[PDB]
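Engineer: Here it is: the structure, laid out below.
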Amino acid sequence: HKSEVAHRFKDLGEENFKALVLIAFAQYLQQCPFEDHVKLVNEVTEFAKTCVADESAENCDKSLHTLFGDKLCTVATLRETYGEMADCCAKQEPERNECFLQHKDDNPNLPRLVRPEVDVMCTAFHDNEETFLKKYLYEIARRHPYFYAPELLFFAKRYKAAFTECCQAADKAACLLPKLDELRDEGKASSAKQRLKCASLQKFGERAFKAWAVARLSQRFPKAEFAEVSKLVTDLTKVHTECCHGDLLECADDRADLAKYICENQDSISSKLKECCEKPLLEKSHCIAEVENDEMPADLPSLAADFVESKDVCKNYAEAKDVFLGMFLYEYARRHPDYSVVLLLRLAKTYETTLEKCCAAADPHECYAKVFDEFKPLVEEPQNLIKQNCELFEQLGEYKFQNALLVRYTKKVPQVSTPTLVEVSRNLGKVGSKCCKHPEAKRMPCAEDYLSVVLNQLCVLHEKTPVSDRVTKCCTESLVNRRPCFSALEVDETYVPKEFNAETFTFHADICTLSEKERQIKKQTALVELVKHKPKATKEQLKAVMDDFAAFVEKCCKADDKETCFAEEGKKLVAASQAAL
Ligand SMILES: CCCCCCCCCCCCCCCC(=O)O
Ligand SMILES: CCCCCCCCCCCCCCCC(=O)O
Ligand SMILES: CCCCCCCCCCCCCCCC(=O)O
């Protein structure tokens, strides 16, 4: 490979190349119009083709990093539009590159993207499909500059699948909107999982991250030995350390070099990898990250022998504290894919601290004899929360379960703004739906993945706009305890009930005409303010109020003369409730 741009053109193919160069350029030049990018992207593709034809052609032996930067600096309004960024063009090539990385804006000043109508979309996607998908690719890329480029492309292909199906059906929107709903949420949850790996590698260090990865990998590849699991985690840490630094090309070669290792050492790792390992370069590492947990060797002993019973437990511990603890995590993790990673790290930390104490008594073996009884209540604490919430979710539907939850977290942190308590509680609802539809031995990992998502969003909405000490505690706490901390918030008895307001509890005929979506946000915003008004309110009482409201709204949506009902009855509701309390 004399020429890096030719080689890489051949292994992606023309179509994937153009789109990734679009995304790559969209992510730096976040203010130049869509049409400039089509010009850059055409020019660069013309140029790659040169190097496919003849690898000794002009400039083809320049590396990708030299090419990318040369191209940004040919931009005319770069001084005018980008300011500081134009100063990077005046340096040498081992500094120019890392200067462009430092001057990437995160979350610019762009207007938020309004999703157009189902018929305008289907028409546009019909009329010109490539300029419809790339403009929207360019649109989402410029707004999310730290979103890893080929996953953005992976999400783009799913967007394309959605339209190709549901625009070719005679009632388009009933098909289409529930698909675009999923993608919005999957894609934004992708953006925030990416956000979480980099913050925690920084915040919590490289040892925590490795503990987390040994755990996940051993649940994924229970038939691999500790040596190979150790060797996988070592190169991931390097990969994610290298990816979080932000240089796309450097990140992508790191992920490609591990994927290619995983597929050549496939018999040493897992039997579930054949399908992913026959994938084209671009899809490979994505596929490997998503592949399902292999089955654990059937003839597996107790952990008691190596980690409790044996002599040479403290001797093996002291010889290499972290190696010993990583063997524990591994062995415990590979017997329990039913656990969340976090609970496994709670158990590894529990074993850790007993040894610190017990290996430095005059008698260790009797001190830690009982260490496994200390796993009992840590195991059961997330199981009983999943038992309890999901049994509840089985009684009330999703919607009433979101309202069950809304009263719950409004009484614990009433100082939060009403729109936040709504977004978080409806969000939690959907993690109710999905995860309580799984079997017991597969629930705890579901909820872990979705809560970490919902709880990280929560915990920057909060560092932006703080409110409660207690919620600041959970957010600046260990990712290990972040969730139990939140589960341990009790009702706020320091809360002073807020001043009554009618406008809050006034309702106009517009409730009948809104969609179930926004019907529900309205009813729930009022539910929050209702509990904010009278926080010390019982849930026999609260059921009664909700009951009268249900009858009230239907009464006025099921009567001739709609608005006069709403004012007439609504006055009767507010006062009735104000005394029913
Ligand atoms: C000079 C041409 C412009 C630069 C080319 C665009 C850079 C985009 C890099 C995308 C790497 C995709 C490879 C997949 C690796 C993986 O995730 O396994
Ligand atoms: C390859 C070995 C990797 C790491 C092995 C050490 C296992 C650590 C077990 C305790 C969990 C540590 C969790 C981090 C939070 C903290 O304690 O500060
Ligand atoms: C801006 C910060 C707002 C804070 C609002 C707090 C809302 C609480 C959400 C808790 C989610 C974690 C799940 C806990 C499970 C449980 O209830 O046991």
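Chain lettering (A, B, ...) mirrors the order of the structure tokens, residue numbering begins at 1 for each chain separately, and ligand numbering begins at 1 in order of display.
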Extract, using only C-alpha atoms, all DNA, RNA and protein residues at most 8 Å from residue A:456, discarding same-chain residues fewer than 6 positions from it, and format them as a ChimeraX atom specification.
Structural biologist: /A:192,196,475
Engineer: Can you pull out the residues contacting residue A:202? Cut-off 10 Å, using only C-alpha atoms, and skip same-chain residues under 5 positions away; I want them as a VMD selection string.
Structural biologist: chain A and resid 196 to 197 209 241 244
Engineer: Output C-alpha atoms for every residue in the selection just made, as a CSV table (one decimal), in the first residue's frame.
Structural biologist:
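Listed below is the output, out-v1.csv:
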```
chain,number,residue,atom,x,y,z
A,196,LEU,CA,-20.1,8.0,28.6
A,197,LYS,CA,-17.1,5.8,27.7
A,209,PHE,CA,-12.6,0.7,32.6
A,241,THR,CA,-8.3,5.6,24.9
A,244,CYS,CA,-11.8,9.3,22.8
```
Engineer: Residues near residue A:533, anyone? I mean within 7 Å using only C-alpha atoms, not counting same-chain ones fewer than 2 positions away, as a compact mmCIF listing (two decimals) with N, CA, C and O atoms, in the first residue's frame.
Structural biologist:
```
# COMPACT_ATOMS: atom_id res chain seq x y z
N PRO A 497 -44.19 23.19 50.14
CA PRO A 497 -45.20 23.13 49.07
C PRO A 497 -45.32 24.43 48.23
O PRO A 497 -45.33 25.54 48.79
N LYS A 498 -45.39 24.29 46.90
CA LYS A 498 -45.41 25.47 46.02
C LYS A 498 -46.78 26.14 45.99
O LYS A 498 -47.81 25.52 46.29
N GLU A 499 -46.76 27.42 45.62
CA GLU A 499 -47.96 28.25 45.60
C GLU A 499 -48.91 27.73 44.52
O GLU A 499 -48.51 27.52 43.37
N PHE A 500 -50.16 27.49 44.93
CA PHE A 500 -51.28 27.15 44.05
C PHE A 500 -51.40 28.12 42.87
O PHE A 500 -51.13 29.32 43.00
N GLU A 529 -47.09 19.01 38.76
CA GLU A 529 -47.47 20.23 39.45
C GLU A 529 -48.50 19.98 40.58
O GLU A 529 -48.42 20.62 41.63
N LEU A 530 -49.45 19.06 40.36
CA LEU A 530 -50.37 18.58 41.42
C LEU A 530 -49.65 18.03 42.64
O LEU A 530 -50.04 18.32 43.79
N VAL A 531 -48.63 17.20 42.41
CA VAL A 531 -47.85 16.65 43.51
C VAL A 531 -46.89 17.73 44.03
O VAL A 531 -46.62 17.79 45.23
N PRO A 535 -47.40 17.93 48.01
CA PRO A 535 -46.47 16.81 48.05
C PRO A 535 -46.82 15.74 49.06
O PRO A 535 -46.72 14.57 48.74
```
Engineer: Please check which protein, DNA or RNA residues sit within 7 Å of ligand 2, counting only C-alpha atoms and all ligand atoms, and write them as a count of residues only.
Structural biologist: 19
Engineer: Write out as JSON, numbers by chain all residues of stretch 379-581 of chain A that DSSP puts in helix (DSSP H, G or I) for this structure's backbone.
Structural biologist: {"A": [379, 380, 381, 382, 383, 384, 385, 386, 387, 388, 389, 390, 391, 392, 393, 394, 395, 398, 399, 400, 401, 402, 403, 404, 405, 406, 407, 408, 409, 410, 411, 412, 418, 419, 420, 421, 422, 423, 424, 425, 426, 427, 428, 429, 430, 431, 432, 433, 434, 435, 436, 440, 441, 442, 443, 444, 445, 446, 447, 448, 449, 450, 451, 452, 453, 454, 455, 456, 457, 458, 459, 460, 461, 462, 463, 464, 469, 470, 471, 472, 473, 474, 475, 482, 483, 484, 485, 486, 487, 502, 503, 504, 505, 510, 511, 512, 513, 516, 517, 518, 519, 520, 521, 522, 523, 524, 525, 526, 527, 528, 529, 530, 531, 532, 533, 541, 542, 543, 544, 545, 546, 547, 548, 549, 550, 551, 552, 553, 554, 555, 556, 557, 562, 563, 564, 565, 566, 567, 568, 569, 570, 571, 572, 573, 574, 575, 576, 577, 578, 579, 580]}
Engineer: With only C-alpha atoms and all ligand atoms as the atoms that count, which of A:173, A:40, A:281, A:113 lies nearest to ligand 1?
Structural biologist: A:281
Engineer: For residue A:236, which residue out of A:256, A:213, A:131, A:220 is the nearest one, using only C-alpha atoms?
Structural biologist: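 Counting only C-alpha atoms, the residue closest to residue A:236 is A:213.
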Engineer: Mind checking which residues fall within 9 Å of residue A:354, counting only C-alpha atoms, ignoring those fewer than 5 positions away in the same chain, and posting them as an NGL selection string?
Structural biologist: :A and (349 or 359 or 367-368 or 371)
Engineer: Could those selected residues go to a file with C-alpha atoms, as a compact mmCIF listing (two decimals), in the first residue's frame?
Structural biologist:
```txt
# COMPACT_ATOMS: atom_id res chain seq x y z
CA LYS A 349 -15.06 -4.77 44.96
CA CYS A 359 -5.24 -10.97 54.50
CA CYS A 367 -11.97 -13.99 58.24
CA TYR A 368 -13.02 -14.52 54.56
CA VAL A 371 -17.12 -13.70 51.79
```
